[PDB]
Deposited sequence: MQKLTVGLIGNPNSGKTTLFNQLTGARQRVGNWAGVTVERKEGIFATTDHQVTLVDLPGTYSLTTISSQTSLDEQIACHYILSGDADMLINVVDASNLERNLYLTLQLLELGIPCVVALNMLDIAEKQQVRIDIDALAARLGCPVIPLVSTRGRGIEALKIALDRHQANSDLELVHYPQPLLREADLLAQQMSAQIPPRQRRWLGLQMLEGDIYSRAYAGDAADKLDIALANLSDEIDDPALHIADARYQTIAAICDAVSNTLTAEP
């Protein structure tokens, strides 16, 4: 019966408000082991589960190029402590918010998007967005606190995201990312190894540390691309913004 859920989103996206709405008085504050940043946790029930809700610090992405936020969030997500995530998104700023969303969905951890500030926003076809992402999209009008039940329902029912190829990256980058992924320990699931490879090429200082036996293989990866791609990192970010644009266009 226990389910651990991580709560993540961009800063100023209504993440704290949603955190309060779900837990109320059942909150405990501490710190992320080994650092000073506060770590807030809460408890609540669904009509199947006893949920432990871990608040992750507001973050624009999972890439660490001095903020610990991207690092903490990324480290926590990679640890496997959470069975699933609630990604809080500001409907009035999908162009900025979906970068984090895409990074999470590509990584493959089960997700439920809590679509916020739907009134502050443009009109969004919620179902199309759900289809484009491969995961549920639950609308919330927080000022009123509605949809919390739909969100709970989703937590009990959602098991795995639709297996979609969301982003189109240049062949060379995928080639090298897989080369890197082959050097990472087998305790890291296949899909996450490929993801870490791309994060390394993107310039993520942490994913590189987390990849151990490959950290020192990135220079040869960059040299192997010196022949084809000029700025690897810019290409990976660009590739992601290509689908963000496609998605935003198709649903807004």
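Residues 1, 67-69, 126-129, 261-267 of the deposited sequence have no C-alpha coordinates in the model.
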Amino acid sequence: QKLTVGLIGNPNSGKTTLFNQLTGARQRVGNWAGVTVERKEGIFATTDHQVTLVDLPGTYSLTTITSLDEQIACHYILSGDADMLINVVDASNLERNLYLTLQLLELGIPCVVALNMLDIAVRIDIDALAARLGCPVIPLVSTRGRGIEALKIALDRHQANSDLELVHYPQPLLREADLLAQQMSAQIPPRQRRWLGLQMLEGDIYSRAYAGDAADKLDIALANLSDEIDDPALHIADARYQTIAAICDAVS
From here on, numbers count along this sequence of modelled residues.
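As listed in the deposited structure, the average C-alpha B-factor of 171-179 and of 100-108 is greater for 171-179. The question of which stretch, 27-35 or 205-213, has the higher mean Cα B factor is settled in favour of 205-213. If you compare the C-alpha temperature factors of 121, 129, 72, 85 in the entry, 121 comes out highest. Across 143, 79, 93, 161, the greatest Cα temperature factor reported in the deposited entry is at 143. The deposited CA B-factor of residue 223 belongs to the highest third of values across its chain.
Remark: residue 136 belongs to the middle third of its chain, ranked by C-alpha B-factor as recorded. The entry lists a Cα temperature factor for residue 61 that places it in the lowest third of the chain's modelled residues.
For residue 190, the recorded CA B-factor ranks within the highest third of the chain. Only modelled residues enter the ranking. Compared with the other modelled residues of the chain, the Cα B-factor recorded for residue 155 ranks in the highest third.
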